[PDB]
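**Student:** Residue numbers (the deposited numbering), protein chains in the order written: chain A, 350 to 399; chain B, 250 to 349; chain A', 599 to 658. A prime marks a further copy of an entry chain.
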């Protein structure tokens, strides 16, 4: 689980690095990158989905 | 948090950008954008006779404020319904170039 | 069509009323939302251009 944990946080914090450097005036931006990717019916886009 | 009292014009942009993104109220913003384009400026009359337009006060029809997203957040999810595919263009234009 | 009340115009507000049929609901029961309830997350490939300071995501 230790190796699976570092693999997940390293994947997330790397991508949030190059997501923070996009202008709001765009299709896939800071606020609306979760909605277009998700093709299901979750209650709220939070927790494990993001 | 409790109200501070003071705010910069930059802070109002942050308030609008969050409120639209959370509520998915992109078409509601497009209505407000066109509604302000009418009011923002008024003509200086060409001749003295053209002052007749601006004597009587024109009425601005503001819709009643109602929303039920806070109570039932299940109805607003990741797959929203939109009629046009260019339904987020007006906000993306304003947030980039406000003075336009 | 026009309606009056208290010597003033009474206007109809709200959504557009439709002719509800028995078929219009039970076609969504026939549909069932048969999209298998499985959270399939699709990726976005980052694309670099002249500035490089700001990032740009593509669909494929």
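Cβ coordinates follow ideal geometry from the N, Cα and C atoms, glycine included.
For residue 303(B), does the three-state DSSP call read helix, strand or coil?
**Tutor:** Numbered from its first residue, the second chain carries residue 303(B) at position 54. Here residue 303(B) sits in helix by DSSP.
**Student:** Would you say residue 642(A') faces chain A, with C-beta separation under 8 Å as the test?
**Tutor:** Within the third chain, the letter at position 44 stands for residue 642(A'). So yes, residue 642(A') belongs to the interface.
**Student:** Over what stretch of residues does the alpha helix (DSSP H) that includes residue 355(A) continue unbroken?
**Tutor:** Stepping through the first chain from its first residue, residue 355(A) is reached at position 6. Element bounds for residue 355(A): 351-368.
**Student:** In terms of residues, what are the limits of the alpha helix (DSSP H) holding residue 284(B)?
**Tutor:** As a working note, residue 284(B) is residue 35 in the second chain. Here the alpha helix (DSSP H) through residue 284(B) covers 275-288.
**Student:** Quick check: the Cα distance between residue 616(A') and residue 640(A'), rounded to an integer number of angstroms?
**Tutor:** Here the question's residue 616(A') lines up with position 18 in the third chain. Here the question's residue 640(A') lines up with position 42 in the third chain. Whole-angstrom Cα-Cα distance: 37 Å.
**Student:** Using three-state DSSP, classify residue 606(A') as helix, strand or coil.
**Tutor:** Within the third chain, the letter at position 8 stands for residue 606(A'). Reduced to three states, the DSSP call for residue 606(A') is strand.
**Student:** Report yes if the CB atom of residue 276(B) is closer than 8 Å to the CB atom of residue 309(B), and no otherwise.
**Tutor:** Within the second chain, residue 276(B) is the residue found at index 27, counting from 1. Within the second chain, residue 309(B) is the residue found at index 60, counting from 1. It is not a contact, given that the beta carbons lie outside the stated cut-off.
**Student:** Which residues in the same chain have their Cβ closer than 8 Å to the Cβ of residue 294(B), if we skip the five residues on either side of it in sequence?
**Tutor:** The residue labelled residue 294(B) in the question sits at position 45 within the second chain. Closer than 8 Å at the Cβ level, and outside the excluded window around residue 294(B), lie 300, 302, 303.
**Student:** Can you find a C-beta in chain A that's less than 8 Å from the C-beta of residue 331(B)?
**Tutor:** As a position in the second chain, residue 331(B) is number 82, starting the count at 1. Answer no: the Cβ-Cβ gap between residue 331(B) and chain A never drops below 8 Å.
**Student:** I believe residue 374(A) touches residue 280(B) by the beta-carbon criterion, under 8 Å. Please report the beta-carbon distance rounded to the nearest angstrom.
**Tutor:** Here the question's residue 374(A) lines up with position 25 in the first chain. Here the question's residue 280(B) lines up with position 31 in the second chain. Contact doesn't hold; Cβ gap of about 20 Å is too wide.
**Student:** Where does residue 314(B) sit, in a helix, a strand or coil, going by DSSP?
**Tutor:** Translated into positions along the second chain, residue 314(B) becomes position 65. Three-state DSSP puts residue 314(B) in coil, outside helix and strand.
**Student:** So if I threshold CB-CB distances at 7 Å, which residues from the segment 297-318 of chain B count as touching chain E?
**Tutor:** No chain E is part of this structure, whose protein chains are labelled A, B and A'.
**Student:** Of all the options 262(B), 285(B), 274(B), which has the alpha carbon lying nearest to the alpha carbon of residue 336(B)?
**Tutor:** Residue numbering aside, residue 336(B) sits at position 87 when the second chain is read from its first letter. Of 262(B), 285(B), 274(B), the residue nearest in Cα terms is 274(B).
**Student:** Anything in chain A within Cβ reach of residue 645(A'), meaning under 8 Å, just list it in chain order.
**Tutor:** To locate residue 645(A'), count along the third chain from 1; it is residue 47. Here the premise fails: no neighbours, minimum Cβ distance about 11 Å.
**Student:** Return the bridge partner residues of residue 387(A) from the DSSP annotation.
**Tutor:** Start at 1 with the first residue of the first chain, and residue 387(A) comes out as number 38. Per DSSP, 639(A').
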